[PDB]
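This is run21.txt (compact mmCIF, N, CA and C atoms).
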# COMPACT_ATOMS: atom_id res chain seq x y z
N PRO A 101 72.26 111.21 158.69
CA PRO A 101 70.98 111.81 158.27
C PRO A 101 70.38 111.11 157.05
N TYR A 102 69.05 111.08 156.90
CA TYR A 102 68.10 111.69 157.84
C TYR A 102 67.86 110.86 159.09
N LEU A 103 67.74 111.55 160.22
CA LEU A 103 67.66 110.90 161.51
C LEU A 103 66.30 110.27 161.72
N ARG A 104 66.31 109.09 162.32
CA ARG A 104 65.10 108.44 162.78
C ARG A 104 65.35 107.84 164.15
N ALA A 105 64.27 107.55 164.86
CA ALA A 105 64.33 106.93 166.18
C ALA A 105 63.07 106.12 166.42
N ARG A 106 63.21 104.98 167.09
CA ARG A 106 62.04 104.22 167.54
C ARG A 106 61.62 104.82 168.87
N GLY A 107 60.85 105.90 168.80
CA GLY A 107 60.43 106.59 170.00
C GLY A 107 59.42 105.79 170.79
N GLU A 108 58.85 106.43 171.80
CA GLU A 108 57.90 105.72 172.65
C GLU A 108 56.51 106.33 172.54
N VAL A 109 55.60 105.86 173.38
CA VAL A 109 54.23 106.34 173.46
C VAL A 109 54.29 107.69 174.18
N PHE A 110 53.19 108.45 174.15
CA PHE A 110 53.11 109.74 174.82
C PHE A 110 53.41 109.62 176.31
N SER A 111 54.56 110.13 176.74
CA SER A 111 54.95 110.15 178.14
C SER A 111 54.66 111.54 178.67
N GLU A 112 53.56 111.68 179.38
CA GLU A 112 53.12 112.95 179.93
C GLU A 112 53.10 112.85 181.45
N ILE A 113 52.86 113.99 182.09
CA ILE A 113 52.62 114.03 183.52
C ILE A 113 51.17 114.46 183.73
N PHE A 114 50.46 113.71 184.55
CA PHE A 114 49.04 113.93 184.70
C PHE A 114 48.78 115.15 185.58
N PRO A 115 47.64 115.83 185.38
CA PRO A 115 47.28 116.93 186.28
C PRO A 115 46.89 116.38 187.64
N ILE A 116 47.79 116.51 188.61
CA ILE A 116 47.63 115.92 189.94
C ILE A 116 47.66 117.07 190.93
N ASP A 117 46.84 116.97 191.99
CA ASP A 117 46.70 118.01 193.01
C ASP A 117 46.25 119.33 192.37
N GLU A 118 45.01 119.29 191.89
CA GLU A 118 44.48 120.36 191.05
C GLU A 118 44.45 121.71 191.75
N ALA A 119 44.35 121.73 193.09
CA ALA A 119 44.24 123.00 193.80
C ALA A 119 45.51 123.84 193.66
N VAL A 120 46.64 123.31 194.13
CA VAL A 120 47.90 124.04 194.06
C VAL A 120 48.33 124.23 192.62
N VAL A 121 48.04 123.24 191.78
CA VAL A 121 48.45 123.31 190.38
C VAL A 121 47.70 124.41 189.64
N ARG A 122 46.37 124.47 189.75
CA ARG A 122 45.61 125.60 189.20
C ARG A 122 46.02 126.92 189.82
N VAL A 123 46.37 126.94 191.11
CA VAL A 123 46.83 128.19 191.72
C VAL A 123 48.12 128.66 191.07
N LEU A 124 49.07 127.75 190.87
CA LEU A 124 50.34 128.13 190.28
C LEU A 124 50.20 128.42 188.79
N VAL A 125 49.25 127.77 188.12
CA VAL A 125 48.97 128.12 186.73
C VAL A 125 48.36 129.51 186.64
N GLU A 126 47.51 129.88 187.61
CA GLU A 126 46.96 131.23 187.63
C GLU A 126 48.06 132.25 187.89
N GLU A 127 48.98 131.94 188.80
CA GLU A 127 50.12 132.82 189.05
C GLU A 127 51.01 132.91 187.82
N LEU A 128 51.21 131.78 187.13
CA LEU A 128 52.00 131.76 185.92
C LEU A 128 51.34 132.55 184.80
N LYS A 129 50.01 132.47 184.70
CA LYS A 129 49.30 133.24 183.69
C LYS A 129 49.29 134.72 184.04
N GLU A 130 49.31 135.04 185.34
CA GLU A 130 49.47 136.43 185.75
C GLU A 130 50.83 136.97 185.36
N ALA A 131 51.89 136.21 185.66
CA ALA A 131 53.24 136.61 185.29
C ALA A 131 53.40 136.67 183.78
N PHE A 132 52.75 135.75 183.06
CA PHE A 132 52.82 135.73 181.61
C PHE A 132 52.02 136.87 180.99
N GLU A 133 50.88 137.22 181.58
CA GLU A 133 50.08 138.32 181.05
C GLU A 133 50.78 139.65 181.28
N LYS A 134 51.42 139.83 182.44
CA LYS A 134 52.21 141.04 182.59
C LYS A 134 53.50 140.96 181.79
N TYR A 135 53.97 139.76 181.47
CA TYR A 135 55.08 139.63 180.54
C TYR A 135 54.69 140.12 179.16
N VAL A 136 53.49 139.75 178.71
CA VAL A 136 53.02 140.16 177.39
C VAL A 136 52.71 141.65 177.37
N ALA A 137 52.05 142.15 178.42
CA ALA A 137 51.64 143.54 178.49
C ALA A 137 52.75 144.48 178.96
N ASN A 138 53.89 143.95 179.39
CA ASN A 138 55.01 144.76 179.83
C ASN A 138 56.23 144.65 178.93
N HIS A 139 56.59 143.45 178.49
CA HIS A 139 57.76 143.31 177.64
C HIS A 139 57.38 143.67 176.21
N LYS A 140 57.68 144.90 175.82
CA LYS A 140 57.44 145.36 174.46
C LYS A 140 58.34 144.67 173.45
N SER A 141 59.41 144.02 173.92
CA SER A 141 60.33 143.32 173.05
C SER A 141 59.74 142.07 172.42
N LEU A 142 58.63 141.55 172.93
CA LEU A 142 58.03 140.36 172.34
C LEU A 142 56.66 140.63 171.75
N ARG A 143 55.71 141.11 172.56
CA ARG A 143 54.32 141.37 172.16
C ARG A 143 53.67 140.15 171.50
N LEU A 144 53.75 139.01 172.18
CA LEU A 144 53.13 137.78 171.69
C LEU A 144 51.78 137.58 172.39
N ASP A 145 50.72 137.47 171.60
CA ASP A 145 49.37 137.36 172.12
C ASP A 145 49.08 135.96 172.66
N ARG A 146 47.94 135.84 173.34
CA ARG A 146 47.43 134.54 173.76
C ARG A 146 46.61 133.95 172.61
N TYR A 147 47.32 133.60 171.54
CA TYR A 147 46.72 132.92 170.40
C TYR A 147 47.36 131.55 170.17
N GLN A 148 48.30 131.15 171.02
CA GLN A 148 48.78 129.78 171.09
C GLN A 148 48.61 129.18 172.48
N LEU A 149 48.28 129.99 173.49
CA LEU A 149 47.96 129.51 174.83
C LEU A 149 46.47 129.40 175.09
N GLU A 150 45.69 130.44 174.78
CA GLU A 150 44.25 130.35 174.93
C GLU A 150 43.62 129.63 173.74
N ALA A 151 44.39 129.39 172.67
CA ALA A 151 43.87 128.65 171.53
C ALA A 151 43.69 127.17 171.86
N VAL A 152 44.44 126.65 172.82
CA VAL A 152 44.31 125.27 173.26
C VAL A 152 43.56 125.24 174.59
N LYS A 153 42.43 124.52 174.60
CA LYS A 153 41.59 124.44 175.79
C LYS A 153 41.10 123.03 176.11
N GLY A 154 40.99 122.14 175.12
CA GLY A 154 40.55 120.78 175.40
C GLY A 154 41.54 120.00 176.23
N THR A 155 42.83 120.14 175.93
CA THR A 155 43.89 119.55 176.74
C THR A 155 44.34 120.65 177.70
N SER A 156 43.67 120.71 178.86
CA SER A 156 44.01 121.68 179.90
C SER A 156 45.04 121.13 180.87
N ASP A 157 45.90 120.22 180.40
CA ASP A 157 47.01 119.72 181.20
C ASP A 157 47.95 120.87 181.51
N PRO A 158 48.26 121.12 182.78
CA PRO A 158 49.14 122.24 183.13
C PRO A 158 50.56 122.08 182.61
N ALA A 159 50.97 120.86 182.24
CA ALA A 159 52.25 120.69 181.56
C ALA A 159 52.20 121.27 180.16
N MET A 160 51.06 121.11 179.48
CA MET A 160 50.87 121.66 178.14
C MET A 160 50.98 123.18 178.18
N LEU A 161 50.31 123.80 179.16
CA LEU A 161 50.35 125.25 179.31
C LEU A 161 51.73 125.71 179.79
N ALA A 162 52.37 124.92 180.65
CA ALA A 162 53.70 125.26 181.14
C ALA A 162 54.72 125.29 180.01
N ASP A 163 54.53 124.39 179.04
CA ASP A 163 55.45 124.28 177.88
C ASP A 163 55.04 125.31 176.82
N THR A 164 53.76 125.72 176.78
CA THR A 164 53.30 126.74 175.85
C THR A 164 53.75 128.14 176.27
N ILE A 165 53.58 128.48 177.55
CA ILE A 165 53.98 129.79 178.06
C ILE A 165 55.49 129.94 178.01
N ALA A 166 56.22 128.87 178.33
CA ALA A 166 57.68 128.89 178.23
C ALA A 166 58.12 129.10 176.79
N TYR A 167 57.39 128.50 175.85
CA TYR A 167 57.66 128.70 174.43
C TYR A 167 57.43 130.14 174.00
N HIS A 168 56.42 130.80 174.57
CA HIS A 168 56.05 132.15 174.17
C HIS A 168 57.10 133.19 174.53
N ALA A 169 57.99 132.88 175.46
CA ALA A 169 59.05 133.79 175.84
C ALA A 169 60.36 133.36 175.20
N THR A 170 61.34 134.25 175.25
CA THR A 170 62.58 134.08 174.51
C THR A 170 63.81 133.93 175.40
N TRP A 171 63.71 133.17 176.49
CA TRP A 171 64.94 132.74 177.14
C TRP A 171 65.53 131.58 176.34
N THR A 172 66.60 130.98 176.86
CA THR A 172 67.32 129.94 176.14
C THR A 172 66.48 128.68 176.00
N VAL A 173 66.56 128.07 174.81
CA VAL A 173 65.73 126.92 174.50
C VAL A 173 66.28 125.64 175.15
N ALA A 174 67.52 125.69 175.65
CA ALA A 174 68.06 124.58 176.42
C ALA A 174 67.24 124.33 177.68
N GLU A 175 66.82 125.41 178.34
CA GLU A 175 65.94 125.28 179.49
C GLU A 175 64.58 124.74 179.08
N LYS A 176 64.14 125.04 177.86
CA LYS A 176 62.91 124.44 177.36
C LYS A 176 63.08 122.94 177.15
N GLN A 177 64.27 122.51 176.70
CA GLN A 177 64.55 121.08 176.61
C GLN A 177 64.53 120.43 177.98
N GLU A 178 65.16 121.07 178.96
CA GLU A 178 65.21 120.51 180.31
C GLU A 178 63.83 120.45 180.95
N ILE A 179 63.00 121.48 180.73
CA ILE A 179 61.65 121.46 181.27
C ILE A 179 60.79 120.45 180.53
N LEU A 180 61.15 120.13 179.28
CA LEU A 180 60.44 119.07 178.57
C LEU A 180 60.82 117.71 179.14
N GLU A 181 62.01 117.60 179.73
CA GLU A 181 62.43 116.38 180.40
C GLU A 181 62.03 116.34 181.87
N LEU A 182 61.49 117.44 182.41
CA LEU A 182 61.08 117.46 183.81
C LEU A 182 59.87 116.56 184.03
N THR A 183 59.82 115.93 185.20
CA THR A 183 58.71 115.06 185.55
C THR A 183 57.78 115.68 186.59
N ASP A 184 58.09 116.87 187.09
CA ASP A 184 57.27 117.51 188.10
C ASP A 184 56.44 118.62 187.48
N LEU A 185 55.13 118.57 187.73
CA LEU A 185 54.18 119.46 187.07
C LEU A 185 54.39 120.92 187.44
N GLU A 186 54.56 121.22 188.72
CA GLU A 186 54.72 122.60 189.14
C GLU A 186 56.16 123.07 189.12
N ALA A 187 57.14 122.17 189.16
CA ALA A 187 58.52 122.58 188.93
C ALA A 187 58.68 123.09 187.51
N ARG A 188 57.92 122.53 186.57
CA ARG A 188 57.76 123.18 185.28
C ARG A 188 57.13 124.55 185.44
N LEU A 189 56.03 124.62 186.20
CA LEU A 189 55.34 125.89 186.40
C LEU A 189 56.21 126.88 187.16
N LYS A 190 56.92 126.41 188.19
CA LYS A 190 57.82 127.28 188.93
C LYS A 190 58.99 127.72 188.07
N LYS A 191 59.47 126.85 187.17
CA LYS A 191 60.57 127.23 186.29
C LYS A 191 60.15 128.31 185.31
N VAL A 192 58.96 128.17 184.70
CA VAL A 192 58.48 129.20 183.78
C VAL A 192 58.20 130.49 184.52
N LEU A 193 57.56 130.41 185.70
CA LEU A 193 57.26 131.61 186.47
C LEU A 193 58.53 132.30 186.94
N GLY A 194 59.55 131.52 187.31
CA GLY A 194 60.81 132.10 187.73
C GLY A 194 61.56 132.77 186.60
N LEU A 195 61.55 132.14 185.42
CA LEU A 195 62.17 132.78 184.26
C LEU A 195 61.40 134.02 183.83
N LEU A 196 60.07 134.00 183.99
CA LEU A 196 59.27 135.19 183.70
C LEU A 196 59.54 136.30 184.71
N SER A 197 59.72 135.95 185.98
CA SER A 197 60.08 136.93 186.99
C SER A 197 61.47 137.49 186.73
N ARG A 198 62.39 136.65 186.26
CA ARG A 198 63.71 137.11 185.88
C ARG A 198 63.64 138.07 184.70
N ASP A 199 62.78 137.76 183.72
CA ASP A 199 62.58 138.65 182.59
C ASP A 199 61.96 139.97 183.02
N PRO B 101 67.40 80.65 212.76
CA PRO B 101 66.35 80.14 211.86
C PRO B 101 65.80 78.77 212.29
N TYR B 102 64.52 78.46 212.02
CA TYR B 102 63.58 79.33 211.30
C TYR B 102 62.95 80.41 212.18
N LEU B 103 62.32 81.39 211.53
CA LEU B 103 61.74 82.52 212.25
C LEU B 103 60.52 82.08 213.04
N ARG B 104 60.49 82.44 214.32
CA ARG B 104 59.41 82.06 215.22
C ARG B 104 59.37 83.06 216.37
N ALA B 105 58.17 83.55 216.69
CA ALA B 105 58.03 84.52 217.77
C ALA B 105 57.02 84.04 218.80
N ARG B 106 56.69 84.91 219.76
CA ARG B 106 55.74 84.56 220.81
C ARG B 106 55.10 85.86 221.30
N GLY B 107 53.84 86.08 220.92
CA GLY B 107 53.11 87.22 221.44
C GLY B 107 52.78 87.02 222.90
N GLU B 108 53.03 88.06 223.70
CA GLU B 108 52.85 87.98 225.14
C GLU B 108 51.65 88.79 225.62
N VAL B 109 51.61 90.08 225.33
CA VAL B 109 50.52 90.95 225.75
C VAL B 109 49.94 91.63 224.51
N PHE B 110 48.63 91.50 224.33
CA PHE B 110 47.93 92.16 223.23
C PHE B 110 47.45 93.52 223.73
N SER B 111 48.36 94.49 223.72
CA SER B 111 48.09 95.82 224.24
C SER B 111 47.45 96.66 223.14
N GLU B 112 46.16 96.95 223.30
CA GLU B 112 45.43 97.79 222.35
C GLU B 112 44.28 98.45 223.09
N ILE B 113 44.38 99.76 223.29
CA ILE B 113 43.37 100.52 224.02
C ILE B 113 42.49 101.24 223.01
N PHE B 114 41.19 100.95 223.04
CA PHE B 114 40.23 101.64 222.19
C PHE B 114 39.62 102.79 222.98
N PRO B 115 39.87 104.04 222.60
CA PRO B 115 39.30 105.17 223.35
C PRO B 115 37.78 105.24 223.21
N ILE B 116 37.11 105.51 224.33
CA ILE B 116 35.67 105.71 224.32
C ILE B 116 35.35 107.03 223.60
N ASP B 117 34.12 107.12 223.08
CA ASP B 117 33.63 108.28 222.32
C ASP B 117 34.50 108.51 221.08
N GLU B 118 34.36 107.57 220.14
CA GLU B 118 35.13 107.57 218.89
C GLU B 118 34.91 108.82 218.05
N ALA B 119 33.87 109.61 218.32
CA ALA B 119 33.67 110.87 217.62
C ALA B 119 34.80 111.85 217.88
N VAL B 120 35.35 111.84 219.11
CA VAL B 120 36.49 112.69 219.43
C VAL B 120 37.71 112.26 218.62
N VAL B 121 37.92 110.95 218.50
CA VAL B 121 39.01 110.42 217.69
C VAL B 121 38.83 110.80 216.23
N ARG B 122 37.59 110.78 215.74
CA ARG B 122 37.31 111.19 214.37
C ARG B 122 37.53 112.68 214.17
N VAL B 123 37.24 113.50 215.18
CA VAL B 123 37.52 114.93 215.12
C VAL B 123 39.03 115.17 215.04
N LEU B 124 39.79 114.41 215.83
CA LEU B 124 41.25 114.49 215.76
C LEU B 124 41.77 114.02 214.40
N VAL B 125 41.12 113.01 213.82
CA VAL B 125 41.45 112.56 212.46
C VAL B 125 41.19 113.67 211.46
N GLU B 126 40.08 114.40 211.63
CA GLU B 126 39.76 115.53 210.75
C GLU B 126 40.79 116.65 210.89
N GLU B 127 41.24 116.91 212.12
CA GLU B 127 42.29 117.90 212.35
C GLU B 127 43.59 117.49 211.67
N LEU B 128 43.96 116.21 211.77
CA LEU B 128 45.18 115.74 211.13
C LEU B 128 45.04 115.75 209.61
N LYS B 129 43.84 115.47 209.10
CA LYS B 129 43.58 115.58 207.66
C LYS B 129 43.72 117.02 207.19
N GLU B 130 43.24 117.98 207.99
CA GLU B 130 43.40 119.39 207.66
C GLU B 130 44.87 119.79 207.64
N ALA B 131 45.65 119.31 208.62
CA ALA B 131 47.08 119.60 208.64
C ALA B 131 47.79 118.97 207.45
N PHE B 132 47.40 117.75 207.07
CA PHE B 132 47.99 117.11 205.90
C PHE B 132 47.63 117.85 204.62
N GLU B 133 46.39 118.35 204.52
CA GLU B 133 46.00 119.16 203.38
C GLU B 133 46.79 120.46 203.33
N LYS B 134 47.08 121.04 204.50
CA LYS B 134 47.92 122.24 204.54
C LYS B 134 49.34 121.94 204.08
N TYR B 135 49.87 120.78 204.46
CA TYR B 135 51.19 120.36 203.97
C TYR B 135 51.18 120.15 202.46
N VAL B 136 50.09 119.59 201.93
CA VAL B 136 49.97 119.35 200.50
C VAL B 136 49.81 120.67 199.74
N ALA B 137 49.22 121.68 200.40
CA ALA B 137 48.86 122.94 199.75
C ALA B 137 50.05 123.73 199.23
N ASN B 138 51.27 123.44 199.67
CA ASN B 138 52.43 124.21 199.25
C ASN B 138 53.32 123.49 198.24
N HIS B 139 53.04 122.23 197.91
CA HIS B 139 53.97 121.44 197.11
C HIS B 139 54.07 121.94 195.67
N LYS B 140 55.30 121.91 195.17
CA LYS B 140 55.57 122.13 193.76
C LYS B 140 56.18 120.90 193.10
N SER B 141 56.62 119.92 193.89
CA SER B 141 57.08 118.66 193.33
C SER B 141 56.57 117.45 194.09
N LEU B 142 56.01 117.61 195.29
CA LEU B 142 55.45 116.50 196.05
C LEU B 142 53.93 116.49 196.00
N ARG B 143 53.36 116.91 194.87
CA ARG B 143 51.92 116.82 194.64
C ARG B 143 51.49 115.36 194.63
N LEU B 144 50.25 115.11 195.05
CA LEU B 144 49.69 113.77 195.01
C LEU B 144 48.17 113.88 195.04
N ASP B 145 47.51 112.87 194.47
CA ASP B 145 46.05 112.78 194.46
C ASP B 145 45.61 112.33 195.85
N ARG B 146 45.55 113.30 196.77
CA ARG B 146 45.20 113.02 198.16
C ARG B 146 43.70 112.83 198.37
N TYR B 147 42.88 113.08 197.36
CA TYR B 147 41.43 112.98 197.54
C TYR B 147 40.96 111.53 197.57
N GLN B 148 41.83 110.58 197.20
CA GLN B 148 41.45 109.17 197.22
C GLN B 148 41.48 108.59 198.63
N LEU B 149 41.97 109.36 199.61
CA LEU B 149 42.00 108.89 201.00
C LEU B 149 40.59 108.68 201.54
What would the structure in this file look like if it were written as structure tokens?
Amino acid sequence: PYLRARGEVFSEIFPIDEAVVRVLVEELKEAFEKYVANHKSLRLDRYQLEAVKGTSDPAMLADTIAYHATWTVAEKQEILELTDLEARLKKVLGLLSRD
Amino acid sequence: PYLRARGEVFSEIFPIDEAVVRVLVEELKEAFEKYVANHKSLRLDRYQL
């Protein structure tokens, strides 16, 4: 320590196949909104998800909604390493359904 | 070796009334869009076709 690394450029996944992706983001936002309005244990508002709108990349929202819930952060690391846009969305929606 | 072939019959049938073939192409495009409609990891920018 202190740790340093010669990291790389922004490695993102592009919003591809907007139809199914927006559909699954809507389903994820439905599951997340009932997560917020049902799980009294968290009560986290859409002030870090709806606060970001210029970068409407569904990976950004998939990582934001996953952040808003309190399952294990190891799965957040794995979803940060995921390369599939909706497998991120399916992973967050599945963990929200489990919650 | 070396590689060398010999074409014998140039079999290629062009169906008359290509609009019917284009309608079948549209049907196959619709089926491919239906296959794309369920993907969670096999998404692709299919609109460039």
How big is the axis-aligned box around the listed atoms of range 124-133 of chain A once 6 Å is added on each side, and where is its centre? Give both in Å to one decimal, as AutoDock Vina command-line options.
--center_x 50.2 --center_y 133.7 --center_z 185.9 --size_x 18.4 --size_y 23.9 --size_z 21.9
Report as JSON lines the residues of chain B within 9 Å of chain A, each with its shortest atom pair and distance in Å (one decimal), using only C-alpha atoms, ordered by chain and increasing residue number.
{"residue": "B:136", "atom": "CA", "partner": "A:120", "partner_atom": "CA", "distance": 8.2}
{"residue": "B:137", "atom": "CA", "partner": "A:120", "partner_atom": "CA", "distance": 5.9}
{"residue": "B:138", "atom": "CA", "partner": "A:120", "partner_atom": "CA", "distance": 6.9}
{"residue": "B:139", "atom": "CA", "partner": "A:120", "partner_atom": "CA", "distance": 7.3}
{"residue": "B:140", "atom": "CA", "partner": "A:186", "partner_atom": "CA", "distance": 4.7}
{"residue": "B:141", "atom": "CA", "partner": "A:184", "partner_atom": "CA", "distance": 5.4}
{"residue": "B:142", "atom": "CA", "partner": "A:184", "partner_atom": "CA", "distance": 8.2}
{"residue": "B:143", "atom": "CA", "partner": "A:117", "partner_atom": "CA", "distance": 5.6}
{"residue": "B:144", "atom": "CA", "partner": "A:117", "partner_atom": "CA", "distance": 5.6}
{"residue": "B:145", "atom": "CA", "partner": "A:117", "partner_atom": "CA", "distance": 5.5}
{"residue": "B:146", "atom": "CA", "partner": "A:117", "partner_atom": "CA", "distance": 7.3}
{"residue": "B:147", "atom": "CA", "partner": "A:117", "partner_atom": "CA", "distance": 8.6}
Fill in: residue 131 in chain A environment, 8 Å, all atoms listed in the file, sequence neighbours closer than 6 positions dropped, as a PyMOL selection string
chain A and resi 125+137+192-193+196-197
Discussion item. With DSSP run on the backbone, what are the helix (DSSP H, G or I) residues within chain B? I'd like them as a VMD selection string.
Written reply: chain B and resid 118 to 136 146 to 148
Worksheet item: What is the distance between CA of residue 135 in chain A and CA of residue 169 in chain A, in Å to one decimal?
Response: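 The value is 8.5 Å.
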Worksheet item: Rounded to one decimal in Å, what is the spacing between CA of residue 129 in chain B and CA of residue 113 in chain B?
Response: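 These atoms are spaced 22.2 Å apart.
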Worksheet entry | Coordinates-based distance that separates atom C of residue 165 in chain A from atom C of residue 127 in chain A (Å, one decimal) |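 Atom C of residue 127 in chain A sits 11.2 Å away from atom C of residue 165 in chain A.
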